[PDB]
Each structure stands twice: as C-alpha cells, then as structure tokens.
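Right, one structure below, let's go through it.
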Amino acid sequence: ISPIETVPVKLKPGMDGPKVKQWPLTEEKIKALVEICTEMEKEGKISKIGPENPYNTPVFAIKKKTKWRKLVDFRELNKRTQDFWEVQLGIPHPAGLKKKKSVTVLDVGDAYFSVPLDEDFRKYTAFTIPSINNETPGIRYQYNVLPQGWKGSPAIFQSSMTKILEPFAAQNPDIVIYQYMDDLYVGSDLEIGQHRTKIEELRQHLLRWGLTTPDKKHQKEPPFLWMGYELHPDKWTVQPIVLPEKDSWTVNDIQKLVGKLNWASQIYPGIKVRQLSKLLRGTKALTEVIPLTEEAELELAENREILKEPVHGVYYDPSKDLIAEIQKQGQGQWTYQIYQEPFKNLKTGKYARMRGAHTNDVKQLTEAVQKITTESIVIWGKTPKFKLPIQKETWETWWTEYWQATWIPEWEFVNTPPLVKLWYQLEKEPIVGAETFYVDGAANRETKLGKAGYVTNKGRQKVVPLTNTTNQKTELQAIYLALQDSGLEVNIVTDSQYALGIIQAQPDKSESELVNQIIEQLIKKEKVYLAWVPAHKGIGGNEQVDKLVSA
Amino acid sequence: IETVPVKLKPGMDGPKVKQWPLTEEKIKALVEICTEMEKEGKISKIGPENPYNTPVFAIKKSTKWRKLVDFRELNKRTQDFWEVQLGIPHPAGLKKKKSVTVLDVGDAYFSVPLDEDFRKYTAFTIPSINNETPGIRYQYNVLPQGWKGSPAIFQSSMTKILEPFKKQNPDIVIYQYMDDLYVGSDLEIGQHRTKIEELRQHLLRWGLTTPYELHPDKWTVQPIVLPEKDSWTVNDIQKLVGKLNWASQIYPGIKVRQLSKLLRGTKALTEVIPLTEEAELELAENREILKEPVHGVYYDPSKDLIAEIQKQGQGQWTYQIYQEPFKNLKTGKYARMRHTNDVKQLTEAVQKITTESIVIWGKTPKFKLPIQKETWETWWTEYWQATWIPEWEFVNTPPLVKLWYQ
Ligand SMILES: N#Cc1cc(Cl)cc(Oc2ccc(Cl)cc2OCCn2cc(Cl)c(=O)[nH]c2=O)c1
C-alpha cells in the first residue's frame, strides 16, 4: 500500500526477533519520544501494535547543545537479521570523474523513512516508550519504514533509489546520476538553465515517489567538501592536512600520521612514509611511546615542506590519452603521477614496498608499474601509457634472466635521471685467470659464536672470528671475506643454498647491512662468478675449507 | 521440465567472493552478453536480499567475447552434489588411447532449469567503473556453465544421447569433465576425425550444439638428462656432481665417488680436468639408472594434485605433477614457438598441464605459479581459453632447482 515495492527480509535461520527490555527514562525524555512518535505515527512511519507482539528493542532520546532526535539501538535485531548485498565499500575517486558543464548535488531528506519495510518483518521492530515510573504499560510501536541503524536499511534504500531512478533515467539519457548514501550527484553538459530545468523535474519525480530534495536556494554550491576532498568546477584536491607537532609520539599518533600522509600522497607528489612506518613494526599497544628515528624525523620534515605548497588535480577526459610516469625518490621509495596533458596531473601516488628483505630496482619498478595498472583499471577502466626512467636494454636483460614470469607494458624511455639500471651482473661462466676461493662459515647454535674462512687455489687461507651470528649469517660473511681479499676478478664457491639464493637474485638494496656490504663489494668487482656444491660430499675445495672452519 | 533438488553441504553457506575490477572493454562486453541472456530467461536480476557473489570474467575463445564465471568457491561448497552424489566416474583408458579430441558441449546446460532454491547461490555482479554505480546483479535460472553440478544434473540426458553412438563404436572412449567431452580412439588420424565429426553431427541432430587433438600415447615422465662435454672443467664436474646428488633422493644407486675423485685438491674452477676411465664409467652407469623409471609412485585419489612450473628461459617451461614431494606422477616440458610474452606462455602452459591432468586422473591439479599474485590476477584472462579454472597459489621463492629439471 506504498508505491515503493518492499524487499523481502528474513531472520538468520533458527533465530527469533529481539526481546531486549527498555531502560526507564526521565519524564522529560519520555515527553520528547511521545511527541516525535505521534508525528512519525501521523506520517505513517510507525504504527501502534497490540499486546500480542512479544519483541522489543530499546529507544533513547538525546539532544545536542535544539530539537530532540529519537535513537534506537538495533544491535540485537541486527545480529539476528540476514546478510545483505554489501553496499559500496569503495567510493569514486575524483580523478576518475569526467568533466561536466554543470554538476548538481542533491541530498535526500529522511531517506530511510521514505522507503517501506517488508510487512512480515515489521513485528521484529517493536519498541516501547516507558511510562512514568512504570505507573502504566508503555506504548507499543513498530516500524513501517526502514529504521535508522538497522542492518538492512542502507542496501534496501540504495536498491529502491535505483529502481525509482530508472524511469527518469530513460527519459533523460544525457543526464548522469551517481548514487552515494543519501546523495545524488547529477551532471550534465547541457545549458545551465536547461540542466536547472531537468534537476527540478527529477525533484518532482522523486517527490512523487516520496523523496524530499532541496530547492535551488538550498542546494549546495561548489566547492564541495566530499569525503575528505575539495571538488571545484575544474579542479580537485584533498582537504587541508594538519600534521601535528609533538614532543613524544604514541603508536596511535604515528598511525594517524601515516594515514594523513597516505591521504596526501594522491595529489601531493613526493610524500614518503617508509621510515615513519618502520616505527610501527611490531607495535604492541596504541599507547606505547615510540622514539622517533633520525630518519623518521627527516622524512616528516620533508613531508612538511611539500605540504606547505598547494596542489590540485584535474578531472578526466575520456578523449585524451592516459599517461603514467614513475620517479625513484630514494632507496626503496618510488613516486608517480598520472596525467593526460603535460602539467595537469589527474592524481599522484607512491610505492615503497620491499616485499622481502632484499630487492633490486628493476624488480621494484616493475612492481610500481603493476600497482599503477591495477589502480588505472579501477579508476578509469583502462591501463595507461608508461613513461619510465629505464632503458629497454636494462629491463630486457632483467626480465629475461628473472626466474618469474612478468608482464612488461608498452613503455617509452624518458632520460630524466636517476635512471633505473643494473648496478652489477654476476658472471654466467667461471672466470679464467681469476683466483678461486672456497668459502665456508659455521656457527654454534647454542654459544652463538662463529667463524668464516676461505681456501684458494693459489694457496691462500684465512679464518676470521665472529661474535654473535648464525650459520646463515656466517655463510654470507664467508662470501664477504672472499670478496674483501680478492682481486678485481674472483671465482667464489659456497655450499650454502641460503647464501647462493640471496646473491643469485642480484639485489642492490637490503635491510641486512652485511648484504649491503656484499653489494658494495659486488659493484667494485669487475667479474664475479658464484658456484655451488653439495656440502659434505668430498669435493676438493669445499672439503678443505670445511675442515679448516670446523677446527 | 523438472528441477533436480540441489543442496549445499549441511552447515555450509553460499559463496561471497569479491568481483574483480574490469576494463571498460570487458564490462561493456559483459553487459551485452547478460542483457541478451536476460532476454532469453537464462538469468534474472536480483535484489539486495541476495548476499552471495561469484566473480565473472570476459574472455575470448575471435571477434566475439564470452562470459566466464569462476565457480571455484561454489563448487567447493557443492561438492556433495557433484561428487559422491551424481558423481561422473573417470575412465582409466582415455590416457591409453592414441588420439583424444575435446568437445565443448557446455551449451546443453541452458535448456535445463535450475532448482529455484539453489538459484540465489549463483549470484554474480557486473562491476561498475570507479564505484560510480552499484554493480549489476544477476542470478542463474538455468544450469550454469562452470558449476560442477551442471554436468552432474545433465549426466542422464548425455548418457541417453550418446547411447546410440557408443553402440555403433564400442572401442571409442568418451569422458565428460564439466563443459567438455573427451573422445579417444586408436584409429588413424583422418579416420579418427571422421568419427569425431560423426559424433558431432549426432549431437547436433539431437539438439546439442558444439562449436587440434591431444595424443596421450606420447606423454610420459621425462628422464633426467646429463651433459656430454668434449672437455670438462672443474666447474662442469661440480655441477655434474651436484645434479647427481640431487637425483640421489629419487633414484637410489647413483654414485659420485669416481667423479668427486677428479676434483681432489683445491683446483681452479676454470681448470680443464680430463675424464678418467673410471669416472667415465660412473657417469655412463648413472646415465642408465636415469633411463629406468622410478618405482613406488602410485596415484592416491584422496589427495590433492600439485603442479610446479619453472621458467627455463627461451619460451621453455618445465613442470612436475605430484602429491607428495619427490614422487612425480608426471614431469614434462612446454615449448612456445612464437609475439609471445611470459604471461601468455605460463597461461598456455597451465592449460596444457590441467588438460593432461584431466585426461590422466580426472581432476585438476593445484598450481604453484612462478609469478607475482597481482600480475597474474590482472592478465590471466587475456590468454585464458578453457571453460574451467584450476586452483593456484604463487611461489615467491626462486627455484634453485631450475637447472636440475632443465
Ligand atoms: N559533492 C559531490 C560530488 C560527488 C561526486 Cl562522486 C560527483 C560530483 O560531481 C559529478 C557528478 C556526476 C558527474 Cl557525471 C560528474 C561530476 O563531476 C565531474 C567533475 N566536476 C565536479 C564539479 Cl564540483 C563541477 O562543478 N564540475 C565537474 O566537472 C560531485
């Protein structure tokens, strides 16, 4: 008996409606509920019910410091209500919106109260206004419309709005309507007056279905404060960032901080958050005080300077190409912009994941491309052209020798250093006239003491003692020792599957300082060939250095 | 017609899987396909009271797009209905035949109606761009392709339609896995393709529309190969010693003593060591132990199949199928003679391995893919042609076992 058709709702199988008792309230708060309810009753939103209804749900009356508002705690009913199709978890990104001649923002008043609720489900919405000091029975009501705070209200409203919009959307194909919560965002490339006429039509079309909308004098005007953004007619930017200054930082303080910095990364180029993020590694409690690293202090200072200036993003033109450009900012940190025209950026972003203890630059550049690809698909529905500071010779060599399959987009080389390059390449065949080191390392797991040694074809032998290490860390330090005491060309032979795997991956940045030192040596060297042999199998050079390090 | 009652395993809820973002090209193609599928009554729009979801993809099997539904989750939650109950048994002879042709018979399912209670579980979503719209929500009214209960429900009709043809040809083996028929014969090639065309026309005259053959006789477990140099270096012997030591876990009896002896001392890797007569025999003897096949390796039907893939460079990709480590039911190599790229070759290799696995055991293996998760999730449909989808995970550790299987 409502124009809008209801969605059938069921409780989770085997559950009944909520039977929560109502807490007593003031005679003044009861006065607020009684008046609000008779208005809601007059409006058909709610109905008084007989005594046979066995369900209840608490109701409260609050006000802010001033007409009162009614509040219903549906927590128990929500637990017993079936699941619904998930409403929009994500929201549109301003850089994905297409530029429109005119844009109108309409909010729906009493949105949920304008949609009928399934008849068979209404019994479970019963609530009670308390009588003064239990002097009499309370007044039993139930809901006939979507209650605010009920589990199913957002999804059923959105679907009801969709169907209500379908007739108008047919008779007006050029008008574009976006839905979000109780809002409609309408855009046309028609004349401001013509567009203004169409808006007024949609308002009446919604009013005929019962949906209140604002008039031309009460409609919001640009700039729109929408979900932490500023939407101007020809520009978007984030709302102002306020990074606090503090003498001491809690874990929660840093999590707020990286969040705001992450938020600034979409339009502010060059934001970095790695050093600050490392502080939260193993962050036990939110109240735990974290001493700031010198690196985190510099990172935060660098962020403050970038934020001092103001930046804006532009809206999207489907007719112009989409181009993405990546720049390296520092060891492990990358930055990108996406643009259709040279200096008009649609959005910016960063990528700074190590994805492991050790990595190389070409691998990280490929990962940054992958992250942009996923992001472009989400926002614009396609992948962009890539302008990258790497040469085809560099990338081709890497992706050919790399043991993983990888997709290399179509990209052009842009000579704007720092250019991504391979700092070193291990030899693929052993070296003639280069000394052959047989390295080994050992560590007592209990005492945690160790040693790393080498034996060479030229007869050279050496053992260095190690204080606090592991079998793995010594196997790496043995390779470091051979690199330290070798000429510009060296053949190294290890029995360590661990150390071979780290080196064969050819990293150029690591979070282990020992590996960073091996990396520094590998660069200075002209030719390095690394060989592996099964340990404890009596191979000539491995047996000698094994016996040497074991003594 | 009469619907067959379908139930999920008791105490099991429907699928609630995330729909992947898609390019505008694939979205438009999905809206065209689904608009006409809706006109034909095969799917219907659903309301918010349906919370279930199954991902959908747009591929090409080709100027025309086609819809592919990833029913992997719904299949896991329906396994009582398509296995144990209404299970289709797997013939052990299909692998033995000399030619096998694969026939897409999936269009049959859209005649049969689906249990009205079970329809809510087939819900899928055509995604929007940039979350500008709520997705378009449908559920299936007929037996959907990709759901393992569809061939199980249709199994009776298929046996009936094939009963005359199997009568006329008693030595031809026909096996159905999901949306496809596998037809095997020991006949001559041109004679085999004639029988395939006969069966096709038989199917078409009974209303089952159908749109490169396999040869399982050639397949086998590859034997480990050892090099043959005219002059061996210290480094060459070391790698030869390491490869034989790795194989000592699978084949017992490989000896390295005479080979290790040639490396006694602290020699330069580049030094040229002559192959002594005693070591040449050990290398020669070990070349014969690798010729013989392993023993004790039996397929357990209760256990998952596992497929590992290594990139060997130059378009070559080795692979091993097993259930317990170092017990390889099948090994093999794939070769792309192509315009190609790494993702295209891996995608093609995965389909070859899965088809081989379907022929031999009647189920798809679980893949350990040497690729980054998000890269595979972005481009795997660009070359995906099969109507099924195997399970996969992403191996981030490199194979130092790359040159072993090389
Ligand atoms: N608040 C708010 C808000 C939220 C969303 Cl999700 C969209 C929105 O607006 C549009 C709505 C529909 C379309 Cl089709 C384009 C829009 O904008 C495109 C970009 N733009 C924005 C403004 Cl403000 C403008 O004056 N001119 C213009 O070209 C408004």
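Please note that chains go A, B, ... in the order of the structure tokens, that every chain numbers its residues from 1, and that ligands are numbered from 1 in the order shown.
Close contacts of residue A:248, defined as residues with an atom at most 9 Å away when counting only C-alpha atoms, with chain neighbours fewer than 5 positions off set aside, comprise residues 289, 290, 291 and 292 of chain A.
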Near residue A:187, within 8 Å and counting only C-alpha atoms, which residues show up once chain neighbours fewer than 5 positions away are dropped, as an NGL selection string?
:A and (100-104 or 175-177)
Convert the current residue selection to file output with N, CA, C and O atoms, as a JSON list (two decimals), in the first residue's frame.
[["chain", "number", "residue", "atom", "x", "y", "z"],
["A", 100, "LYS", "N", 32.27, 17.91, -16.45],
["A", 100, "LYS", "CA", 30.89, 18.19, -16.83],
["A", 100, "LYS", "C", 30.63, 19.69, -16.81],
["A", 100, "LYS", "O", 31.16, 20.40, -15.95],
["A", 101, "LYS", "N", 29.81, 20.16, -17.75],
["A", 101, "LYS", "CA", 29.49, 21.58, -17.82],
["A", 101, "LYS", "C", 28.81, 22.05, -16.54],
["A", 101, "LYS", "O", 29.15, 23.11, -16.00],
["A", 102, "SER", "N", 27.84, 21.28, -16.05],
["A", 102, "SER", "CA", 27.14, 21.60, -14.82],
["A", 102, "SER", "C", 27.04, 20.36, -13.95],
["A", 102, "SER", "O", 26.86, 19.25, -14.47],
["A", 103, "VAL", "N", 27.13, 20.56, -12.64],
["A", 103, "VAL", "CA", 27.09, 19.48, -11.66],
["A", 103, "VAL", "C", 26.20, 19.90, -10.51],
["A", 103, "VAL", "O", 26.35, 21.00, -9.97],
["A", 104, "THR", "N", 25.26, 19.03, -10.13],
["A", 104, "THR", "CA", 24.32, 19.32, -9.06],
["A", 104, "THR", "C", 24.41, 18.24, -7.98],
["A", 104, "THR", "O", 24.49, 17.04, -8.29],
["A", 175, "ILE", "N", 21.47, 13.08, -19.01],
["A", 175, "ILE", "CA", 21.70, 13.37, -17.60],
["A", 175, "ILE", "C", 22.39, 12.18, -16.95],
["A", 175, "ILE", "O", 22.00, 11.02, -17.15],
["A", 176, "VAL", "N", 23.43, 12.45, -16.15],
["A", 176, "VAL", "CA", 24.20, 11.41, -15.47],
["A", 176, "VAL", "C", 23.97, 11.54, -13.97],
["A", 176, "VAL", "O", 24.13, 12.63, -13.40],
["A", 177, "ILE", "N", 23.60, 10.43, -13.33],
["A", 177, "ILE", "CA", 23.29, 10.40, -11.91],
["A", 177, "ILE", "C", 24.20, 9.38, -11.23],
["A", 177, "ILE", "O", 24.25, 8.22, -11.64]]
Sorted by chain and rising residue number, which residues of chain B lie within 12 Å of ligand 1, and what are their closest atom pairs and distances in Å to one decimal, counting only C-alpha atoms and all ligand atoms, as JSON lines?
{"residue": "B:129", "atom": "CA", "partner": "ligand 1", "partner_atom_place_in_ligand_line": "6 (Cl)", "distance": 11.9}
{"residue": "B:130", "atom": "CA", "partner": "ligand 1", "partner_atom_place_in_ligand_line": "6 (Cl)", "distance": 9.4}
{"residue": "B:131", "atom": "CA", "partner": "ligand 1", "partner_atom_place_in_ligand_line": "6 (Cl)", "distance": 8.9}
{"residue": "B:132", "atom": "CA", "partner": "ligand 1", "partner_atom_place_in_ligand_line": "6 (Cl)", "distance": 6.9}
{"residue": "B:133", "atom": "CA", "partner": "ligand 1", "partner_atom_place_in_ligand_line": "6 (Cl)", "distance": 9.9}
Show me, as a VMD selection string, every residue of chain B with an atom at most 7 Å from chain A, counting only C-alpha atoms.
chain B and resid 21 to 24 48 to 51 129 to 134 238 242 260 263 to 270 311 313 342 to 343 370 to 371 375 398
Using only C-alpha atoms, can you tell me which of B:353, B:178, B:112, B:289 comes closest to residue B:82?
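Closest candidate: B:178.
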Those of stretch 51-174 of chain B in DSSP alpha helix (DSSP H), formatted as a PDB file with N, CA and C atoms, in the first residue's frame:
ATOM      1  N   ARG B  72      34.681 -21.554  -8.679  1.00  0.00           N
ATOM      2  CA  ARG B  72      35.536 -22.399  -7.848  1.00  0.00           C
ATOM      3  C   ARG B  72      35.021 -22.481  -6.416  1.00  0.00           C
ATOM      4  N   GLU B  73      34.544 -21.363  -5.866  1.00  0.00           N
ATOM      5  CA  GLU B  73      34.069 -21.373  -4.485  1.00  0.00           C
ATOM      6  C   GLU B  73      32.750 -22.127  -4.363  1.00  0.00           C
ATOM      7  N   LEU B  74      31.788 -21.827  -5.241  1.00  0.00           N
ATOM      8  CA  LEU B  74      30.519 -22.549  -5.214  1.00  0.00           C
ATOM      9  C   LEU B  74      30.735 -24.041  -5.425  1.00  0.00           C
ATOM     10  N   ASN B  75      31.709 -24.405  -6.265  1.00  0.00           N
ATOM     11  CA  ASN B  75      31.995 -25.818  -6.495  1.00  0.00           C
ATOM     12  C   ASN B  75      32.505 -26.492  -5.226  1.00  0.00           C
ATOM     13  N   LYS B  76      33.385 -25.814  -4.482  1.00  0.00           N
ATOM     14  CA  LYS B  76      33.879 -26.372  -3.227  1.00  0.00           C
ATOM     15  C   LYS B  76      32.741 -26.598  -2.240  1.00  0.00           C
ATOM     16  N   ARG B  77      31.764 -25.695  -2.225  1.00  0.00           N
ATOM     17  CA  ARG B  77      30.658 -25.744  -1.280  1.00  0.00           C
ATOM     18  C   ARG B  77      29.495 -26.604  -1.764  1.00  0.00           C
ATOM     19  N   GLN B  79      30.269 -29.761  -3.243  1.00  0.00           N
ATOM     20  CA  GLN B  79      30.960 -30.992  -3.620  1.00  0.00           C
ATOM     21  C   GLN B  79      30.165 -32.254  -3.302  1.00  0.00           C
ATOM     22  N   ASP B  80      29.262 -32.206  -2.321  1.00  0.00           N
ATOM     23  CA  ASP B  80      28.393 -33.353  -2.081  1.00  0.00           C
ATOM     24  C   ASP B  80      27.469 -33.610  -3.265  1.00  0.00           C
ATOM     25  N   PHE B  81      27.126 -32.564  -4.021  1.00  0.00           N
ATOM     26  CA  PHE B  81      26.155 -32.725  -5.097  1.00  0.00           C
ATOM     27  C   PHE B  81      26.808 -33.203  -6.387  1.00  0.00           C
ATOM     28  N   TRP B  82      28.024 -32.747  -6.681  1.00  0.00           N
ATOM     29  CA  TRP B  82      28.683 -33.153  -7.914  1.00  0.00           C
ATOM     30  C   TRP B  82      29.685 -34.280  -7.716  1.00  0.00           C
ATOM     31  N   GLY B 149      27.872 -29.032 -10.656  1.00  0.00           N
ATOM     32  CA  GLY B 149      26.559 -29.653 -10.623  1.00  0.00           C
ATOM     33  C   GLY B 149      25.810 -29.656 -11.940  1.00  0.00           C
ATOM     34  N   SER B 150      26.221 -28.806 -12.896  1.00  0.00           N
ATOM     35  CA  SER B 150      25.557 -28.796 -14.200  1.00  0.00           C
ATOM     36  C   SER B 150      25.811 -30.077 -14.993  1.00  0.00           C
ATOM     37  N   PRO B 151      27.055 -30.536 -15.193  1.00  0.00           N
ATOM     38  CA  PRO B 151      27.232 -31.838 -15.861  1.00  0.00           C
ATOM     39  C   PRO B 151      26.634 -32.994 -15.083  1.00  0.00           C
ATOM     40  N   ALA B 152      26.618 -32.909 -13.750  1.00  0.00           N
ATOM     41  CA  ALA B 152      26.044 -33.983 -12.945  1.00  0.00           C
ATOM     42  C   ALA B 152      24.536 -34.079 -13.144  1.00  0.00           C
ATOM     43  N   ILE B 153      23.845 -32.936 -13.175  1.00  0.00           N
ATOM     44  CA  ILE B 153      22.404 -32.947 -13.408  1.00  0.00           C
ATOM     45  C   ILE B 153      22.092 -33.429 -14.819  1.00  0.00           C
ATOM     46  N   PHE B 154      22.880 -32.987 -15.799  1.00  0.00           N
ATOM     47  CA  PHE B 154      22.670 -33.338 -17.198  1.00  0.00           C
ATOM     48  C   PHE B 154      23.134 -34.750 -17.531  1.00  0.00           C
ATOM     49  N   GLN B 155      23.857 -35.408 -16.617  1.00  0.00           N
ATOM     50  CA  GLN B 155      24.522 -36.676 -16.919  1.00  0.00           C
ATOM     51  C   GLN B 155      23.572 -37.700 -17.533  1.00  0.00           C
ATOM     52  N   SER B 156      22.334 -37.768 -17.035  1.00  0.00           N
ATOM     53  CA  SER B 156      21.366 -38.726 -17.563  1.00  0.00           C
ATOM     54  C   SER B 156      21.016 -38.433 -19.019  1.00  0.00           C
ATOM     55  N   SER B 157      20.767 -37.161 -19.351  1.00  0.00           N
ATOM     56  CA  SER B 157      20.451 -36.800 -20.730  1.00  0.00           C
ATOM     57  C   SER B 157      21.626 -37.087 -21.658  1.00  0.00           C
ATOM     58  N   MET B 158      22.851 -36.834 -21.189  1.00  0.00           N
ATOM     59  CA  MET B 158      24.032 -37.066 -22.013  1.00  0.00           C
ATOM     60  C   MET B 158      24.236 -38.552 -22.290  1.00  0.00           C
ATOM     61  N   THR B 159      24.073 -39.397 -21.267  1.00  0.00           N
ATOM     62  CA  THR B 159      24.175 -40.840 -21.472  1.00  0.00           C
ATOM     63  C   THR B 159      23.146 -41.321 -22.487  1.00  0.00           C
ATOM     64  N   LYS B 160      21.933 -40.768 -22.424  1.00  0.00           N
ATOM     65  CA  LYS B 160      20.878 -41.137 -23.364  1.00  0.00           C
ATOM     66  C   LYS B 160      21.248 -40.745 -24.790  1.00  0.00           C
ATOM     67  N   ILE B 161      21.717 -39.508 -24.978  1.00  0.00           N
ATOM     68  CA  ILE B 161      22.034 -39.017 -26.318  1.00  0.00           C
ATOM     69  C   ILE B 161      23.201 -39.796 -26.915  1.00  0.00           C
ATOM     70  N   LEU B 162      24.179 -40.168 -26.085  1.00  0.00           N
ATOM     71  CA  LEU B 162      25.359 -40.887 -26.554  1.00  0.00           C
ATOM     72  C   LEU B 162      25.151 -42.393 -26.667  1.00  0.00           C
ATOM     73  N   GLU B 163      24.041 -42.925 -26.155  1.00  0.00           N
ATOM     74  CA  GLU B 163      23.826 -44.371 -26.188  1.00  0.00           C
ATOM     75  C   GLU B 163      23.852 -44.961 -27.596  1.00  0.00           C
ATOM     76  N   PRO B 164      23.210 -44.372 -28.612  1.00  0.00           N
ATOM     77  CA  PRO B 164      23.379 -44.923 -29.972  1.00  0.00           C
ATOM     78  C   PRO B 164      24.816 -44.897 -30.469  1.00  0.00           C
ATOM     79  N   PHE B 165      25.527 -43.775 -30.305  1.00  0.00           N
ATOM     80  CA  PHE B 165      26.873 -43.667 -30.865  1.00  0.00           C
ATOM     81  C   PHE B 165      27.835 -44.642 -30.199  1.00  0.00           C
ATOM     82  N   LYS B 166      27.739 -44.798 -28.876  1.00  0.00           N
ATOM     83  CA  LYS B 166      28.593 -45.768 -28.198  1.00  0.00           C
ATOM     84  C   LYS B 166      28.271 -47.191 -28.632  1.00  0.00           C
ATOM     85  N   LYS B 167      27.010 -47.460 -28.971  1.00  0.00           N
ATOM     86  CA  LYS B 167      26.639 -48.763 -29.512  1.00  0.00           C
ATOM     87  C   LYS B 167      27.350 -49.030 -30.833  1.00  0.00           C
ATOM     88  N   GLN B 168      27.329 -48.051 -31.742  1.00  0.00           N
ATOM     89  CA  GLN B 168      27.926 -48.248 -33.058  1.00  0.00           C
ATOM     90  C   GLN B 168      29.446 -48.339 -32.986  1.00  0.00           C
TER      91      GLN B 168
END
Using only C-alpha atoms, which protein or nucleic acid residues come within 6 Å of residue B:183? Drop anything in the same chain fewer than 3 positions from it, and give the result as a list in words.
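Answer for this query is residues 100, 101, 173 and 174 of chain B.
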Store the residues of this selection in a file with N, CA, C and O atoms, as a short mmCIF file (atom, residue, chain, number, x, y, z; two decimals), in the first residue's frame.
data_model
loop_
_atom_site.label_atom_id
_atom_site.label_comp_id
_atom_site.auth_asym_id
_atom_site.auth_seq_id
_atom_site.Cartn_x
_atom_site.Cartn_y
_atom_site.Cartn_z
N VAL B 100 42.92 -38.14 -28.72
CA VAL B 100 41.81 -37.67 -27.90
C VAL B 100 41.42 -36.27 -28.38
O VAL B 100 42.27 -35.38 -28.45
N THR B 101 40.14 -36.09 -28.70
CA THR B 101 39.60 -34.80 -29.10
C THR B 101 38.70 -34.28 -27.99
O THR B 101 37.99 -35.05 -27.33
N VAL B 173 36.34 -44.25 -26.47
CA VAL B 173 36.17 -43.87 -25.07
C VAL B 173 35.69 -42.43 -25.02
O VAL B 173 36.26 -41.55 -25.69
N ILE B 174 34.64 -42.17 -24.24
CA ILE B 174 34.06 -40.84 -24.11
C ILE B 174 33.95 -40.50 -22.62
O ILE B 174 33.28 -41.22 -21.87
#
Which parts of stretch 192-314 of chain B does DSSP call strand (DSSP E or B) when run on the backbone here, written out as a ChimeraX atom specification?
/B:214,232-233,272-273,306-311
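Proximity of B:294, B:208, B:43, B:17 to residue B:142, computed with only C-alpha atoms, is greatest for B:43.
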What gap, in Å, lies between atom CA of residue B:4 and atom CA of residue B:47?
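Separating atom CA of residue B:4 from atom CA of residue B:47 is a distance of 24.4 Å.
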Residues near residue A:226, anyone? I mean within 10 Å using only C-alpha atoms, not counting same-chain ones fewer than 3 positions away, as a PyMOL selection string.
chain A and resi 94+223+229-231+238-239
Counting only C-alpha atoms, figure out which residue out of A:422, A:338, A:352, A:515 gets nearest to residue A:396.
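Closest to residue A:396, using only C-alpha atoms: A:422.
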Find the residues around residue A:255 up to 12 Å (only C-alpha atoms counted), leave out those fewer than 4 positions away in its own chain, and share them as JSON, numbers by chain.
{"A": [243, 249, 250, 251, 259, 260, 261, 262, 273, 276, 277, 278, 279, 280, 281, 283, 285, 286, 287, 288, 290]}
